[PDB]
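Shown below, as structure tokens, is a lone chain in the form deposited in one PDB entry; questions about how it binds or moves come after it.
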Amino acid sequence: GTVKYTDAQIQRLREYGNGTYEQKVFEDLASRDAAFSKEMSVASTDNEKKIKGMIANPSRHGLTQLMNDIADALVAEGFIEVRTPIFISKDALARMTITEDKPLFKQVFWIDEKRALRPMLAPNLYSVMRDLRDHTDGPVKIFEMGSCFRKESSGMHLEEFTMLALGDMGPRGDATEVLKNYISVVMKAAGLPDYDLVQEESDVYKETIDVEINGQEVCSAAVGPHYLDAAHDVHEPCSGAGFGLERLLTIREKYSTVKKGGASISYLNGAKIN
């Protein structure tokens, strides 16, 4: 038939269940509602089994594990892991071209008149990369994993999310080829070797190369552009990429929403505890 679960039913099923409910079709409302009742019980049973398993076998958190898996792969390739402050300045945002008129500006959480929660890692990474160039003539390769914040409103969007951002200044070889190779290192280390690279428009970067899995963006990457590099006193080929770690984990683990695999007081590693 053509009858689907209602939007409310889909939300109720996804609360405790990680099935693919949006695909189901039914002949009529009675059959839809009977199937909903059955699948709500399955979802709750499966959820409880997962919680009992985590209690019986304590483990590192799934998001922490993914971070460690990727970070170890990048260190093995000669990337320095950095940690930078969550607070950044209004000026730092302006140097990314994120000023009052831009849409991303409206998504920023301000702490005071001059400081904000970072919505991206690039401002701090540009700073650190430029300073590291003072200490070497070779490539400068760094990465950070940490929380970024944006006002949002819900598909694959969190207000606090974990970005992995990498930067490579002065790469040996063509900057685009080098960028594609480091994307490959990350994706394989994350357990997601199958993905598409797709050119997309960008307010900040003009054009990005995005990593998409079945049409879902999990990363944006860019070489420069020159104006952005020069705004950070960078005067050589440069590239970087930013990955959404909860998005990666959600896709790999087949969680039905993006809210289950990261930080939460309701979910733990895909299962709802309350």
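Rigid core: the largest C-alpha set superposing within 1.5 Å between the two forms. Sequential numbering from 1, following the sequence displayed.
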query: Length class of the unmodelled deposited segment, which would lie between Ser153 and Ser154; finding: 1 to 3
query: Mean Cα B-factor comparison, 225-233 or 25-33, giving the higher one as deposited; finding: 225-233
query: Comparing 57-65 with 208-216, the one whose average Cα B-factor in the PDB entry is higher; finding: 208-216
query: Maximum C-alpha temperature factor, selected from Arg83, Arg118, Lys90, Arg130; finding: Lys90
query: Residue with highest C-alpha B-factor in the PDB entry, from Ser184, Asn124, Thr99, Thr162; finding: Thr99
query: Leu158 - which third its CA temperature factor falls in, relative to the rest of the chain; finding: middle
query: Among modelled residues of the same chain, the CA temperature factor third for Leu245; finding: lowest
query: Cα B factor band for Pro139 (lowest, middle or highest third within the chain); finding: middle
query: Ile51 CA temperature factor, ranked by third within the chain; finding: middle
query: Chain-relative CA temperature factor third for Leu179; finding: highest
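There is also a form deposited in another entry; it is not shown, and the following applies to it.
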item: Rigid-core-referenced C-alpha movement of 2 Å or more between the shown form and the other one, selected from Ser59, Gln65, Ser31, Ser44; value: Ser31
